[PDB]
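Participant: So the sequence shown is numbered by the deposited numbering: it starts at 3 and just counts up by one.
The beta carbon of each residue, even a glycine, is placed where N, CA and C say it ideally should be.
Take this structure, written in structure tokens, and hold onto it; I'll ask about it next.
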Amino acid sequence: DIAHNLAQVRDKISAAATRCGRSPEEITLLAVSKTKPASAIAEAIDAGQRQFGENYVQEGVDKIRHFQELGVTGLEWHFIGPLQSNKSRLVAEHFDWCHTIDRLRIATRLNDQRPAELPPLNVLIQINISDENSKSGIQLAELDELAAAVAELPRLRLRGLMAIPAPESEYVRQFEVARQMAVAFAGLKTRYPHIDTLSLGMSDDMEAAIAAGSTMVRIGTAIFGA
Ligand SMILES: Cc1ncc(COP(=O)(O)O)c(C=O)c1O
Ligand SMILES: *Cc1c(COP(=O)(O)O)cnc(C)c1O
Numbered sequence: 003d004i005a006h007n008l009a010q011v012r013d014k015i016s017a018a019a020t021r022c023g024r025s026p027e028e029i030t031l032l033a034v035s036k037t038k039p040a041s042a043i044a045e046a047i048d049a050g051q052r053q054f055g056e057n058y059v060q061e062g063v064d065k066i067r068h069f070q071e072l073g074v075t076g077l078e079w080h081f082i083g084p085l086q087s088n089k090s091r092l093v094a095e096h097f098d099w100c101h102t103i104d105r106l107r108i109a110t111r112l113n114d115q116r117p118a119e120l121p122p123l124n125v126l127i128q129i130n131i132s133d134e135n136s137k138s139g140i141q142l143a144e145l146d147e148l149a150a151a152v153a154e155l156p157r158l159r160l161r162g163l164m165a166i167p168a169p170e171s172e173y174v175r176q177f178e179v180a181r182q183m184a185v186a187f188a189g190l191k192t193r194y195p196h197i198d199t200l201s202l203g204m205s206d207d208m209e210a211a212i213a214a215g216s217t218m219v220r221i222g223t224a225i226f227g228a
């Protein structure tokens, strides 16, 4: 039951924030609806969920168009999958956020294809903080340079960072890795304007990510099942 699952996830988030001395309002729940049908999303919407993450362009755009045509206003759609050049126009025209900026050319493409009447596309730069096997994300040493270039793009808005850490079961390593992201995030925040989003944490490392300084967790299975 999606409505019950949303309540359960929101409870765990709230507890984790409170335990480490943070206001639960600091933590945004991104409901990851990848591979789930639009009816499942509609249940979540009926239960008050407004922010949804999708990983595949056509699937996500089809959902966006569905809920726009039902005249459901007030939603926020985040693209959190890897972005290919030949599918960036659909992201630029329909999504509100994109978490996976890891090369300048894809951000310039998104900026160029974003209609001017839309709000700027909110973007995070994705860090590969700890995953040997992944080809997504930049190294931290590239961040200052990429952030400067992306920051000039007028149809985008740089809001912070995202990372998918390598899968990790030891709480200690979950926290230490998430802290590396939080340190980078804080350093970015002191020099850049409107840095407010650290997209970090899924169901299995939610507590360490929140304790370390995440502002946004990405939950799929624990909301929608599998
Ligand atoms: C269900 C579904 N919809 C849409 C797409 C669109 O693909 P892409 O993520 O490359 O944009 C994919 C395939 O990757 C998909 O699996
Ligand atoms: C799919 C995915 C999630 C959610 O995964 P679950 O294990 O089902 O909770 C979160 N973030 C990203 C980037 C994902 O691709």
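Select from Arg91, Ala33, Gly55 and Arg12 the residue whose C-alpha is nearest the C-alpha of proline 26.
Facilitator: Taking the sequence shown and counting its residues from 1, the one referred to as residue 26 is at position 24. When each option's Cα is compared against that of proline 26, the closest is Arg12.
Participant: Excluding the 5 residues flanking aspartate 133 on each side, which residues of the same chain have their C-beta closer than 6 angstroms to its C-beta?
Facilitator: Sequence index remark: in the sequence shown, residue 133 carries index 131 (1-based). Excluding sequence neighbours, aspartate 133 sits near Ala168.
Participant: I'd like the list of long-range same chain contacts for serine 216, defined as Cβ closer than 6 angstroms, with 5 residues on each side in sequence excluded.
Facilitator: As a working note, residue 216 is residue 214 in the sequence shown. Same-chain partners within the cutoff: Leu200, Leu202 and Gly203.
Participant: So, with DSSP's three-state summary, where would you put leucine 120?
Facilitator: As a working mapping, residue 120 is identified with position 118 in the sequence shown. Three-state result, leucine 120: coil.
Participant: Would you kindly check if the distance between the Cβ of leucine 148 and the Cβ of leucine 106 is under 8 angstroms?
Facilitator: Along the sequence shown, one-based indexing puts residue 106 at 104. Along the sequence shown, one-based indexing puts residue 148 at 146. In contact: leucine 106 and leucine 148 (Cβ atoms closer than 8 angstroms).
Participant: Would DSSP call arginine 220 helix, strand or coil?
Facilitator: As a first step, residue 220 must be located in the sequence shown, where it is residue number 218. Strand at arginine 220.
Participant: Do you know how far the Cα of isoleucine 129 is from the Cα of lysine 137?
Facilitator: Numbered from 1 along the sequence shown, position 135 holds the residue referred to as residue 137. Numbered from 1 along the sequence shown, position 127 holds the residue referred to as residue 129. Computed Cα separation, rounded: 11 angstroms.
Participant: How far does the beta strand (DSSP E) with residue 1 in it reach, from first residue to last?
Facilitator: Nothing in the structure corresponds to residue 1, since the chain is present only between 3 and 228.
Participant: Going along the chain, which residues of its own chain have a beta-carbon closer than 6 angstroms to the beta-carbon of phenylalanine 97, five neighbours each way excluded?
Facilitator: Within the sequence shown, residue 97 is the residue found at index 95, counting from 1. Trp79 and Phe81, listed in sequence order.
Participant: Is any heavy atom of ligand 2 found at a distance shorter than 7 angstroms from the C-beta of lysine 38?
Facilitator: Position 36 of the sequence shown, counted from the first residue, corresponds to residue 38. Answer for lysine 38: no, Cβ out of range of ligand 2.
Participant: Give the DSSP-derived three-state secondary structure of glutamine 128 in the structure shown.
Facilitator: The residue labelled residue 128 in the question sits at position 126 within the sequence shown. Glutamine 128 falls in the strand class under three-state DSSP.
Participant: Under 7 angstroms Cβ to Cβ from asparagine 7, same chain only, skipping five residues before and after it: list those, please.
Facilitator: To locate residue 7, count along the sequence shown from 1; it is residue 5. Within the same chain, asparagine 7 has close Cβ partners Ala224 and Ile225.
Participant: Give the DSSP-derived three-state secondary structure of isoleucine 140 in the structure shown.
Facilitator: Position 138 of the sequence shown holds residue 140. It is a strand residue.
Participant: Terminal residues of the continuous alpha helix (DSSP H) containing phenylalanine 97?
Facilitator: For this step, residue 97 is matched to residue 95 along the sequence shown. It is not in any alpha helix (DSSP H) - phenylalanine 97 carries neither H nor E in the DSSP assignment.
Participant: Return helix, strand or coil for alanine 42, following the three-state DSSP convention.
Facilitator: Along the sequence shown, read from residue 1 onward, the residue named residue 42 stands at position 40. Note: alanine 42 maps to helix in three-state DSSP.
Participant: Have a look at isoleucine 4 and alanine 151 and give me their C-alpha separation to the nearest angstrom.
Facilitator: Translated into positions along the sequence shown, residue 4 becomes position 2. Translated into positions along the sequence shown, residue 151 becomes position 149. One C-alpha to the other measures close to 41 angstroms.
Participant: Kindly provide the chain-ordered list of residues whose Cβ lies closer than 5 angstroms to any non-hydrogen atom of ligand 1.
Facilitator: Taken from the N-terminal end onward, the list reads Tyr58, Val59, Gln60, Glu61 and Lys89.
Participant: Taking three-plus beta-carbon pairs below 8 angstroms as touching, is the stretch 37-47 in contact with the stretch 83-103?
Facilitator: In this structure the stretch 37-47 does not touch the stretch 83-103; the number of beta carbon pairs closer than 8 angstroms is below three.
Participant: Measuring alpha carbon to alpha carbon, tell me which of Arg175, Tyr173, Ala143 and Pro195 ends up nearest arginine 161.
Facilitator: Residue numbering aside, residue 161 sits at position 159 when the sequence shown is read from its first letter. Of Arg175, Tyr173, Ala143 and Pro195, the residue nearest in Cα terms is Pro195.
Participant: According to the Cβ coordinates, are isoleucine 221 and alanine 33 closer than 8 angstroms?
Facilitator: Indexing the sequence shown from 1 puts residue 221 at position 219. Indexing the sequence shown from 1 puts residue 33 at position 31. Yes.
Participant: Could you give the distance in angstroms between the alpha-carbon of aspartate 146 and the alpha-carbon of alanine 40?
Facilitator: Position 144 of the sequence shown, counting from 1, holds the residue named residue 146. Position 38 of the sequence shown, counting from 1, holds the residue named residue 40. Between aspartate 146 and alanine 40, the C-alpha separation is close to 39 angstroms.
Participant: For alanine 18, which residues of its own chain have a beta-carbon under 6 angstroms away from its beta-carbon, when the five flanking residues on both sides are left out?
Facilitator: On the sequence shown, residue 18 is found 16 positions in, with the first residue counted as 1. Closer than 6 angstroms at Cβ, skipping near neighbours: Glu209 and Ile212.
Participant: With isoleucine 127 and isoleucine 140 assumed to form a contact (beta carbons below 8 angstroms), what rounded beta-carbon distance in angstroms separates them?
Facilitator: Locating residue 127 in the sequence shown gives position 125, where the first residue counts as 1. Locating residue 140 in the sequence shown gives position 138, where the first residue counts as 1. With a Cβ gap of about 7 angstroms, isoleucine 127 and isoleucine 140 count as contacting.
Participant: Over the uninterrupted beta strand (DSSP E) stretch that includes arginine 111, give me the two end residues.
Facilitator: Within the sequence shown, residue 111 is the residue found at index 109, counting from 1. Per DSSP, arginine 111 belongs to no beta strand (DSSP E); it is in the alpha helix (DSSP H), 106-115.
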